[PDB]
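In: to kick things off, part of the complex as it is:
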Amino acid sequence: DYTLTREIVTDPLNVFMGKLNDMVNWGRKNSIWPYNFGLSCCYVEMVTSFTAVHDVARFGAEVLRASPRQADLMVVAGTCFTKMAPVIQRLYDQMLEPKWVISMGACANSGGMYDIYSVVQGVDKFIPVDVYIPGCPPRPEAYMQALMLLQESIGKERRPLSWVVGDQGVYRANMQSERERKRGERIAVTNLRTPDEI
């Protein structure tokens, strides 16, 4: 159950090529360089994650490039305004493969609370998103959880090793949804602490 991009296909994978692909995916998922992109309040929570009290640096994702060429992760953390949607599209085009997209917050997910004339209702209207984060704003640890989700998504995708040989198509794994995976524990919740307590 994979997905081809240049189609629901199967697992394509010599046994040495599988180990080579696993090492490539391990190196790509353990070194993810986000693009410094200040849109709205969700970016404030993103840079709150980048600080000392949360330390996204532990995952190897602290480099925070100001140039789209060096970065390989686009965290759309803010509202997709109509004036900035071409800017976001151009910055995504300037990135180089492999690249991944995380929508952070309700604005980047669907437009959020701003169903208004000057706001594009979600960045997935024009940019293929890999991980969505609900929240307004999502807390910094929610951004780190989404980073880990992106890491385990990257760790089993199949990409070409070299551009001169082999299949050049990009295979993305169809992950099981987090909602269906966590339904076994979320439904079993019975009692929560009362709101009058600290």
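Out: The structure has been received and is ready for your questions. Residues are numbered from 1 along each chain as shown, chains lettered A, B, ... in the order given.
In: might you report the residue contacts of residue A:54?
Out: Residues touching residue A:54, when contacts are defined by CB atoms under 8 Å, 6 or more residues apart in numbering, comprise A:48, A:140-141, A:144. For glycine as for every other residue, the C-beta is placed from the backbone atoms N, C-alpha and C.
In: again, but for residue A:60
Out: With contacts defined as CB under 8 Å, 6+ apart, residue A:60 is in contact with A:30-32.
In: measure it to residue A:188 for me?
Out: Distance check for residue A:60 against residue A:188: by CB to CB, to the nearest Å, it reads 34 Å.
In: filter the contacts of residue A:54 down to the buried ones, ChimeraX style.
Out: ChimeraX command restricting the contacts of residue A:54 to the buried ones, with burial defined by 16 or more other CB atoms under 10 Å:
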select /A:48,140,144
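In: export the contacts of residue A:54 to CSV and tack on distance to residue A:156 and secondary structure?
Out: Converted to CSV, the contacts of residue A:54 look like this (distance: CB to CB, whole Å; DSSP: H, G, I helix; E, B strand; the rest coil):
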residue, distance to residue A:156, secondary structure
A:48, 30, helix
A:140, 26, helix
A:141, 24, helix
A:144, 20, helix
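In: ok, so of the contacts of residue A:54, who is nearest residue A:116?
Out: Closest to residue A:116 out of the contacts of residue A:54 is residue A:48 (26.2 Å), distances taken as CB to CB.
In: about what we covered before: can you add distance to residue A:41 and give the contacts of residue A:54 back as CSV?
Out: Rendered in CSV, the data for these read as follows (distance: CB to CB, whole Å):
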residue, distance to residue A:41
A:48, 10
A:140, 13
A:141, 16
A:144, 18
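In: with adjacent residues omitted, what lies nearest to residue A:74?
Out: By the measure of CB to CB, 6 or more residues apart in numbering, the closest residue to residue A:74 outside its immediate chain neighbours is residue A:101, 4.9 Å from it.
In: apologies, that question was intended for residue A:24.
Out: Ranked by CB to CB, 6+ apart and with sequence neighbours excluded, the top spatial neighbour of residue A:24 is residue A:161, at 6.5 Å.
In: what's near enough to touch the residue at minimal distance from the centre of chain A?
Out: Nearest to the mean C-alpha position of chain A, counting by CA atoms, centre = their mean, stands residue A:102 at 3.0 Å. By CB under 8 Å, 6+ apart, the contact list for residue A:102 reads A:73-76, A:129-133, A:143, A:146-147, A:150.
In: next one: residue A:168
Out: Shown in contact with residue A:168 (CB under 8 Å, 6+ apart): A:6, A:160.
In: help me confirm that residue A:61 comes into contact with residue A:29.
Out: No. Taking contacts as CB atoms under 8 Å, residue A:61 lies outside contact range of residue A:29: 9.9 Å.
In: chain B follows; place it on the structure:
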Amino acid sequence: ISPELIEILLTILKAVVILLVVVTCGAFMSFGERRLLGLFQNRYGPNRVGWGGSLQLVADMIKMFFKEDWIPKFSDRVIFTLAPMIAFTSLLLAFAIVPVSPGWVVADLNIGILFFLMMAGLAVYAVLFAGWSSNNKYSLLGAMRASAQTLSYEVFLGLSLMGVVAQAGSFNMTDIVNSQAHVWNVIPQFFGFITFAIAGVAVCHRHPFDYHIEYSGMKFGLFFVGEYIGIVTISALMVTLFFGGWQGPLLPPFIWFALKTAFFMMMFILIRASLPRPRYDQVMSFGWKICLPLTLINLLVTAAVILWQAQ
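Out: Placing chain B onto the earlier chains gives this:
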């Protein structure tokens, strides 16, 4: 099999070992800069990829290697490929003269620190080529400003080192570290020491003296590894020129040299973490009005003391 060929092979293997260690130390000191900034900023830094983050550098290396190699369409391919090549090899060859131990030196040249000055000029060329070939106005302007900075501090890099050269009476590195057999040159050439430290920070484009936006993939990695190799080279050079190099009372010579070099690498990281960045005009005014006359007066007083003490 002859003893002369055995000695030739041993010296070649010694140079190969030195080269591999300085390149590996530059990459692992990029990683150590991340970890040390984490230490100085009340956090941990990368400590999840492997034990303590020791496999992080392999992860960025694999990410750099398996990225889309990209050259701009309206750019000069040769100069774009050439600029990281120069930024790597120039400061690597600058390290090629530093004696890390008695008997462990790549080339015992009679020019020495002059070869370091040649390599520094070629590093300035690397910055200029990177800025021009990107075909970008922002990168071109940033290269103009950065290259004028490096010129304003290479104007006195050598004149800061001339106090040590004057005391040693030679350009050779081993003669310089042998001239500090009793007192390290940081004591008499203190003003030369501070001016050389300032110039070494400035010509390495390090904080607080810091055109890379068009570079990506392995070229950006080559640029950064060359920058940290330049950090290693400047640290080892000031260890050999002002702190005796391999000489010390109790520890083996490599232990003393490595401890002093690692202390200056940590001082690089602490300078980056602590000081704010000054403005352009104040930086160049400090480079021209302050450091150059200080180096000239230091050389004059050094010569006067040397000739006075020659009975």
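In: go back to the nearest residue to residue A:24, now with chain B?
Out: Counting by CB to CB, 6 or more residues apart in numbering or on different chains, the nearest residue to residue A:24 once its immediate chain neighbours are dropped is residue B:66, at 5.2 Å.
In: gap between residue A:106 and chain B?
Out: In this view, residue A:106 and chain B are 29 Å apart by CB to the nearest CB, to the nearest Å.
In: what about that residue, neighbour count?
Out: Neighbour count of residue A:106, defined by other CB atoms under 10 Å in any protein chain shown: 21.
In: what does residue B:48 give?
Out: Counted with other CB under 10 Å, the burial measure for residue B:48 works out to 15 neighbours.
In: measure the nearest residue to residue A:40 once chain neighbours are set aside to residue A:142 for me?
Out: The shortest distance from residue A:40 to any non-neighbouring residue, by CB to CB, 6+ apart, is to residue A:78 (3.2 Å). Summarising the geometry, the distance separating residue A:78 from residue A:142, computed by CB to CB, is 15 Å.
In: more neighbours, these two?
Out: More neighbours surround residue A:78 than the other of residue A:78 and residue A:142, with 24 against 17 (other CB under 10 Å).
In: pretty sure that one sits against residue A:38.
Out: Yes. Taking contact to mean CB under 8 Å, the distance of 7.5 Å between residue A:78 and residue A:38 places them in contact.
In: list the contacts for the residue nearest to residue A:24?
Out: Residues counted as contacts of residue B:66 (CB atoms under 8 Å, 6 or more residues apart in numbering or on different chains) are A:24, A:27-28, A:161.
In: can you give me the buried ones in the one helix or strand residue B:120 maps to?
Out: Residue B:120 belongs to helix B:113-133 when elements are defined using DSSP states H and E. In terms of neighbour count (16 or more other CB atoms under 10 Å in any protein chain shown), helix B:113-133 has its buried residues at B:113, B:115-117, B:119-120, B:122-133.
In: now for residue 18, how many residues are close by?
Out: Going with chain A. The number of residues packed around residue A:18, counting by other CB under 10 Å, is 12.
In: think we crossed wires, I meant chain B
Out: The criterion is other CB under 10 Å. On that basis, residue B:18 has 19 neighbouring residues.
In: do the helix or strand harbouring residue A:87 and chain B meet?
Out: Taking DSSP H and E as the criterion, the element that holds residue A:87 is helix A:85-94. No. Applying CB under 8 Å from any CB of the partner chain, one finds helix A:85-94 separated from chain B by no less than 9.6 Å.
In: buried residues in that helix?
Out: For helix A:85-94, the neighbour count (16+ other CB under 10 Å) marks A:85, A:88, A:91-92, A:94 as buried.
In: which among the residues you listed gets closest to residue A:167?
Out: For residue A:167, the closest of these turns out to be residue A:92, at 24.6 Å, with distances computed as CB to CB.
In: surely that closest one touches residue A:99?
Out: Yes. Here residue A:92 lies in contact with residue A:99, judged by CB under 8 Å, at a distance of 7.5 Å.
In: throw chain C onto that model:
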Amino acid sequence: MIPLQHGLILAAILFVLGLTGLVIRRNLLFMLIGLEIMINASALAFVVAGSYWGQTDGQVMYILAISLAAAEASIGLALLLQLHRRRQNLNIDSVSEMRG
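Out: Adding chain C to what we have so far:
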């Protein structure tokens, strides 16, 4: 065991190449480039002459030659910048008003 004639021949080749580049190029920057080539070839010839006789005199006049080269390149590039400022082209055939 390197002949002096070979070094002098190499220096003369570089000198005549610099003179050819100085003549055939109308761009003022390429003429300054040619001037740098010729004075560097003259300095190389003097270094060869001083190394054949085993004297420091060749390197001393090399030093004087490159002091002249540095200052001449400074003045020439200042004049080139002024020419590009007041007439926006480096073609020297435009700069031909005094004649006869």
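In: same as before for the contacts of residue A:60, with chain C this time.
Out: By CB under 8 Å, 6+ apart, the contact set of residue A:60 is A:30-32, B:46, B:48-49, B:53, B:56, B:59-60.
In: who wins for neighbours among the residues you listed?
Out: Neighbour max across the contacts of residue A:60 (other CB under 10 Å) = residue B:46, 28 neighbours.
In: for residue A:46, see how far away the spatially closest residue to it that is not a sequence neighbour is.
Out: Of all residues beyond its chain neighbours, the one nearest residue B:46 is residue B:53 (3.9 Å), with distances taken as CB to CB, 6+ apart. In this structure, residue B:53 and residue A:46 are 22 Å apart, going by CB to CB.
In: alpha carbons of stretch B:166-181, as CSV, please.
Out: Extracted C-alpha coordinates of stretch B:166-181, given in CSV (Å, rounded to 0.1, in the frame of the first residue of the first chain):
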residue,chain,number,x,y,z
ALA,B,166,60.9,38.8,15.0
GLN,B,167,61.4,37.0,18.3
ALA,B,168,62.0,33.7,16.7
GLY,B,169,64.2,35.2,13.9
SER,B,170,62.8,32.8,11.4
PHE,B,171,59.7,31.9,9.4
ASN,B,172,59.8,28.2,10.2
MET,B,173,57.1,26.8,12.4
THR,B,174,59.4,24.4,14.4
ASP,B,175,61.8,27.3,15.0
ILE,B,176,58.9,29.4,16.3
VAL,B,177,57.8,26.7,18.7
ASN,B,178,61.4,26.1,19.8
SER,B,179,61.8,29.8,20.5
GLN,B,180,59.2,29.5,23.3
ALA,B,181,61.1,26.8,25.1
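In: surely residue B:115 is in contact with residue B:93?
Out: Yes. The pair residue B:115 and residue B:93 passes the contact test of CB under 8 Å, sitting 7.4 Å apart.
In: sorry, back to before: packing partners for the helix holding residue A:87?
Out: Identification of packing neighbours for helix A:85-94 by 3 or more CB pairs under 8 Å, 6 or more residues apart in numbering or on different chains; DSSP states H and E yields strand A:73-77.
In: now do the strand it packs on: which elements does it pack against?
Out: When contacts are defined as 3+ CB pairs under 8 Å, 6+ apart, strand A:73-77 packs onto helix A:41-49, helix A:85-94, strand A:100-104.
In: so the residue in chain B positioned nearest to chain A is in which element?
Out: Proximity of chain B to chain A (CB to the nearest CB) peaks at residue B:62, 2.6 Å away. With the criterion set as DSSP H and E, the secondary-structure element containing residue B:62 is helix B:56-65.
In: list the buried residues for that helix?
Out: By neighbour count, with 16+ other CB under 10 Å as the criterion, the buried positions of helix B:56-65 are B:56-64.
In: could the helices and strands packed on strand A:73-77 go into CSV alongside distance to residue B:75?
Out: Conversion of these to CSV gives the following (distance: least, CB to CB, whole Å):
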stretch, distance to residue B:75
helix A:41-49, 31
helix A:85-94, 14
strand A:100-104, 27
